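Consider the single chain below, provided in structure tokens and representing the form deposited in one PDB entry.
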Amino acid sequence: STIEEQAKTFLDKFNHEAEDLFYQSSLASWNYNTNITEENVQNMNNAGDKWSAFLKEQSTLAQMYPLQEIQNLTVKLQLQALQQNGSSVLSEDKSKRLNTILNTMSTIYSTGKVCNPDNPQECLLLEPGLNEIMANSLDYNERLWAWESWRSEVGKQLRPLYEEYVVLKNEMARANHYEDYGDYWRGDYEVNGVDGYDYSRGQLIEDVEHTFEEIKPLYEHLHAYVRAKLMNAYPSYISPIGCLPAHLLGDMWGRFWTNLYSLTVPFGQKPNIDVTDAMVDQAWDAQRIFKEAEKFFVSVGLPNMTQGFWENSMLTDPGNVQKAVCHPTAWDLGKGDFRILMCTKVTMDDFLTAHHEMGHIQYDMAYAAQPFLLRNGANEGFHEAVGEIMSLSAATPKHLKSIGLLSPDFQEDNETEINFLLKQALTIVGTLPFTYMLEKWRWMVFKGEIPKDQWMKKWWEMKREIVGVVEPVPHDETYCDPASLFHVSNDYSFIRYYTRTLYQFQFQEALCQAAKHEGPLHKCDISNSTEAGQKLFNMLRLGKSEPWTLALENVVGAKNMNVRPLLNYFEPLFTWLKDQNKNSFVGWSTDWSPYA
């Protein structure tokens, strides 16, 4: 018997073994997230421990099948994922060293508190304490305190750990035959052995930077418009030509400019579309929100949710005594068990989230027939991209009118579209330079292109140069400001949010093209369009079986990540911003900082 058919048989054993053990881990995790008791923690960890221990055993046994003598390229993919997982690549001490560093950094982030001046009694966590300040406070000094306090008393804690975190992660990636830990992360987009669809790890850098260059005009005009609106509200604090202060961007880091909408709304007299009242007027409950969300995917030829979805999911907060983790999540436990965990309120926000999370389910149900190791999005950005394009269509006035949540008397004028698109750009466009610059900094740190004595120096040079954002307080190398963000300290790749953003507008534009949608892309609803659903399903069913370049092609007809549909989405805003910045300076100076 050959070495390939041995591996085919090995994966056959693994899949049946993995699905059963993964279901136990997932169901125990589900029971904790819906019923918070110390037993449910113990059960969840007990099944979680048996799951990781199962994978480490199966990863080591997978390494005994060498990849080079396997031609099937679907066995090779499944084995490659299994062999890659095994972190026996590092010494158990260094593996234990790193895990303690990861746990300490995660604990420092999640439990890190800061207490106010002239009163050491009242202390504030990031959630909800400091996040509430950075999201709602209009007071410059209060936001400056919460911004500086978080980085000085939590970021400085994370600096010595992150330095060693870089050394061990690089040591792991190098012995995994990657250039560095950043090269390891970019391997999620790597494709080999497929003629015409291959994709190198370094090509992601070229593609991210190339697509980002086409974003800069849209961002610079959005940055200039946001700066002009903020400068009106903060004349003494913001230069008309300088970067935006980092603490005035609507959250702790400027990751999203969403909460600048109040100070940057183009037409504050326009009331914004909120069907929350109409839902309460029609006595909508949470089950109605998902039943309508279900109906949305049925309208595009996607199956209605399984019976186990309705019986076993949690769509309301159990409230009272029984505690639950209310973060909206779509659960694919395997074995045909698809669940959504959401504490749904009767609001437009949760209504969109239900479509977004059920979009994840539709993805999960589509590739359920795939092998277990291929049961995932085509790459890290695909799954969340599928969810976003559901809220895009669900939030359009055309969709809201067709479902009785928006009166036909309502008529959208060109101003409410600009108001909507501006709010979208603050979140969607505003995160792109933040996302690219942060991941670039990590890529250069892992590459060694930034010395330890220049981490914060480069980090804020890139913030000024790339994001147009300036630190309000000079930061020495005792600070670790990137680690003050969850993804950096909790060891999560970040370029996925850049690629997913571009993917979702590639997805929507292709689906709206399939939906025969006439008009601007941002008004598009793919509802009642089975052509769009089949086009989307052609990629959803693939999962990880096929290269993400081909999976993208099954929707948009292009093998590579493209930024043009994103600019198509925001084009009415882009033309509006350029006119609105006709007597304003577009761009920013890095030499200006709010500390004279």
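Numbering starts at 1 and follows the sequence shown. The term rigid core refers to the most C-alpha atoms you can superpose between the two forms while keeping them within 1.5 Å.
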Of 349-357 vs 76-84, the stretch with the larger average CA B-factor in the entry is 76-84
The stretch whose C-alpha atoms carry the larger average B-factor in the entry, 322-330 or 361-369, is 322-330
Based on the PDB entry, the highest CA temperature factor among the options 236, 411, 435, 91 is that of 411
From 499, 136, 200, 269, the top C-alpha temperature factor is at 269
For residue 549, the third of its chain by CA B-factor is the lowest
Tertile call for residue 580 (CA temperature factor, within chain, third-based) is the lowest
Entry-reported C-alpha B-factor of residue 35 relative to its chain, by third, is highest
Residue 539: CA temperature factor from the record, placed by chain third, in the middle
Assert third(CA B-factor, residue 397) within chain per record equals highest
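Not on display, but discussed next: the form deposited in another entry.
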The residue to pick from 485, 263, 278, 166, given a Cα shift of 2 Å or more between this form and the one not shown after core fitting, is 278
Any chance the CA of residue 177 moves 2 angstroms or more between this form and the one not shown, core superposed? no
**Message:** Tell me whether residue 452 is among the residues that move between this form and the one not shown (Cα shift of 2 angstroms or more, core superposed).
**Reply:** no
Item to check | Core-superposed comparison between this form and the one not shown, residue 437 Cα displacement 2 Å or beyond | outcome: no
Per the comparison in the other entry, the residue 347 and residue 125 C-alpha atoms (change 3 Å or more) are positioned closer
Under comparison with the form shown, the C-alpha atoms of residue 347 and residue 263 in the other entry shift by 3 angstroms or more, placing them closer
